[PDB]
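Below: the structure, in structure tokens.
Residue numbering restarts at 1 for every chain, and letters A, B, ... go by the order of the sequence lines.
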Amino acid sequence: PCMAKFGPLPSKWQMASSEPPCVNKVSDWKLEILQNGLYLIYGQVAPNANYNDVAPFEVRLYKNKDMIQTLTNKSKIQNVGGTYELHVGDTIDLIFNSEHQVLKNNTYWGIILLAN
Amino acid sequence: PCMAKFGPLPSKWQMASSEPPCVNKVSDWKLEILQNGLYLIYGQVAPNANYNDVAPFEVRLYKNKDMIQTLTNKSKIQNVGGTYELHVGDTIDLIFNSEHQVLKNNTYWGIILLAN
Amino acid sequence: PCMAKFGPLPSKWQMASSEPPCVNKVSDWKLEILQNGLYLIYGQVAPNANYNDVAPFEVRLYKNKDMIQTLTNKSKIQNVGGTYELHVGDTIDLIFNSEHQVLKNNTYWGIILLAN
């Protein structure tokens, strides 16, 4: 199997595949796709309940430059991802409006190659 | 493969895995997770069209004590589940506001282990 | 693996399975299920931005005669599908309110057999 997961704390990027790998980590919360195929993106955002800064609550999942998911709910744990056919060079990134909107000890996302 | 499905009638819990199993049935509509891993929960709620009792319409999917899905639509067949990384000891349960809100001959949920 | 995908242009139905096959193409955008099992339907609708005809915007996914997904958003790329236990004889079809509501060079759907 080829899969990767970022977080939650203490972990950053964790990876497991054969050679050649299907993905490579770019930086915290961001990955590049190295093989064409059918992937399942998964994970969860646990929103910090006592978040009281001025930035509105929003978490955004990016495929390349385009948002593919917006999470707007400050109370409940919400799933990230879905099923995506992805191509070589694509990136996936999870971006928080404020690093404190979220509980990084219970926030993560990952990916698994399902098929070519 | 490791998988399990509850219902629909006439069936209750049906299971198939190797030893040791990845899940074990707790009771009707309720399962315990026995291995850490990436699961896909699936299934459907077929709402009883002629439901006329006082209880409002709602079906709830639970992970442990927390609702992970609420189904509020009394007319259409609606999918249950999604992709969840689950841990040893976790339960998943499907709870109906009234056993008659739903058509148990066309209502079920199941689970498959995707990866460790 | 057993899988099939329609589109995007230039492609129509593309298939790959062992014998006997799990699905067979009926016609453009429409497939029949030949084996009972757990499938994942995937894909995306890329809405034509400059769509200005009288037909309202809607894309519908059908399981047999019943809509299982409605896509109503004229601006963003939106995912199609989810996880469905499907039976022999079932059809899946993707229907557009107007063939021009959508960019067929970036519109497709596919299916993969996950388990029996």
| said: Please say yes or no: joined through hydrophobic side-chain contacts below 4.5 Å, possibly via intermediate residues, are A/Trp13 and A/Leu94 part of one cluster? | reply: yes
| message | Restricting to non-hydrogen atoms, name the atom on B/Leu71 and the atom on B/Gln69 that form the minimum distance, rounded to 0.1 Å. | response | CD2-NE2, 3.3 Å
| said: According to salt bridge (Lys or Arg N to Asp or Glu O under 4.0 Å), who are the partners of A/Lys25, at least two apart in sequence or on a separate chain? | reply: none
| request: Look at the side chain of C/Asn36 and the backbone N and O of C/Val88, then say whether any donor-acceptor pair between them is shorter than 3.5 Å. | output: yes
| ring-ring contact (aromatic ring centres under 6.0 Å, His included) partners of B/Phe96, counting only residues at least two apart | B/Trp29
| Minimum side-chain heavy-atom gap C/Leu31-C/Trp109 below 4.5 Å | yes
| Donor-acceptor pair, side chain of C/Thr107 and main chain of C/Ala46, under 3.5 angstrom | yes
| Backbone N/O of A/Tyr51 and side chain of A/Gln101: donor-acceptor pair under 3.5 Å | no
| field | Qualifying residues under salt bridge (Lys or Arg N to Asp or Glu O under 4.0 Å), relative to C/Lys74, sequence neighbours excluded | value | none
| Sub-4.5 Å side-chain heavy-atom contact between B/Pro20 and B/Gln35 | yes
Could you pull out all donor-acceptor pairs under 3.5 Å where a side-chain atom in residues 61-68 of chain C meets a protein atom, sequence neighbours excluded?
{"unit_1": "C/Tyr62", "atom_1": "OH", "unit_2": "C/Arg60", "atom_2": "NE", "d": "2.8"}
{"unit_1": "C/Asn64", "atom_1": "OD1", "unit_2": "C/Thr91", "atom_2": "N", "d": "3.0"}
{"unit_1": "C/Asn64", "atom_1": "ND2", "unit_2": "C/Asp90", "atom_2": "OD1", "d": "3.1"}

| field | A/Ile92 vs A/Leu86 side-chain heavy atoms within contact, under 4.5 Å | value | yes
| task | List the steps and the verdict of side-chain contact (heavy atoms from CB on, under 4.5 Å) for B/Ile111 and B/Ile33. | result | CA-CA 10 Å; B/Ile111 193 160; B/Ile33 305 301; 3.9 Å; yes
| Nearest 0.5 Å, what's the CE-CE distance between B/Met3 and B/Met15? | 10.0 Å
| Test salt bridge (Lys or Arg N to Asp or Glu O under 4.0 Å) applied to B/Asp53 - qualifying residues, sequence neighbours left out | none
| said: Among residues at least two apart in sequence or on other chains, which ones pass ring-ring contact (aromatic ring centres under 6.0 Å, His included) with C/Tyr84? | reply: none
| Contacts of type salt bridge (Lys or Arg N to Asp or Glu O under 4.0 Å), residue C/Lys30, not counting sequence neighbours | none
| Using a distance-only test with no angle check, is there a side-chain donor-acceptor pair under 3.5 angstrom linking A/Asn48 and A/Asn50? | yes
| request: Indicate the atoms forming the closest heavy-atom contact of C/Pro21 with C/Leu34, along with that distance. | output: O-CB, 3.7 Å
| task | Might you point out which heavy atoms bring B/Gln14 and B/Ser11 nearest each other, and give the distance in Å? | result | NE2-CB, 3.4 Å
| Mind checking what makes ring-ring contact (aromatic ring centres under 6.0 Å, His included) contact with A/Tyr42, not counting sequence neighbours? | none
| request: Just grab all the disulfide bond (SG atoms under 2.5 Å apart) pairs involving residues 20-72 of chain C, residues at least two apart or on different chains. | output: C/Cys2-C/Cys22
| said: Going by ring-ring contact (aromatic ring centres under 6.0 Å, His included), name the residues that satisfy it together with B/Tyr39, two or more places apart in sequence or in a different chain. | reply: none
| message | Considering only residues two or more places apart or on different chains, which pairs with a residue in residues 50-116 of chain C satisfy disulfide bond (SG atoms under 2.5 Å apart)? | response | none
| message | If hydrophobic clusters are built from ILVMFWY residues whose side chains come within less than 4.5 Å, do A/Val80 and A/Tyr108 share one? | response | no
| Do B/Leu114 and A/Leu38 sit in the same hydrophobic cluster, where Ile, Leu, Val, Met, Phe, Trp and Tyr count as joined when their side-chain heavy atoms come under 4.5 Å apart? | yes
| task | Any chance you could measure B/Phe6, atom CZ, to B/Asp93, atom CG, to the nearest 0.5 Å? | result | 10.0 Å
| field | Nearest heavy atoms of B/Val23 and B/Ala4, plus distance in Å | value | CG2-CB, 3.9 Å
| message | Looking at every non-hydrogen atom in both residues, tell me the closest pair between B/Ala115 and B/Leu113 and how far apart they are. | response | O-CD2, 3.3 Å
| said: Give me the atom names and distance for the closest heavy-atom approach of B/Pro47 to B/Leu103. | reply: O-CD1, 4.0 Å
| query | Under a 4.5 Å cut-off applied to non-hydrogen side-chain atoms, are B/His100 and B/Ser98 in contact? | reply | yes
| task | Taking the side chain as every heavy atom from C-beta outward, state whether A/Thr83 and C/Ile112 have any pair of such atoms under 4.5 Å apart. | result | no
| Verdict with reasoning, A/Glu85 to C/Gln44, per side-chain contact (heavy atoms from CB on, under 4.5 Å) | CA-CA 9 Å; A/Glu85 184 191 87; C/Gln44 69 179 23; over 6 Å; no
| Pairs meeting criterion salt bridge (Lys or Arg N to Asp or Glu O under 4.0 Å) with involvement of residues 12-21 of chain C, two or more places apart | C/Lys12-C/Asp28
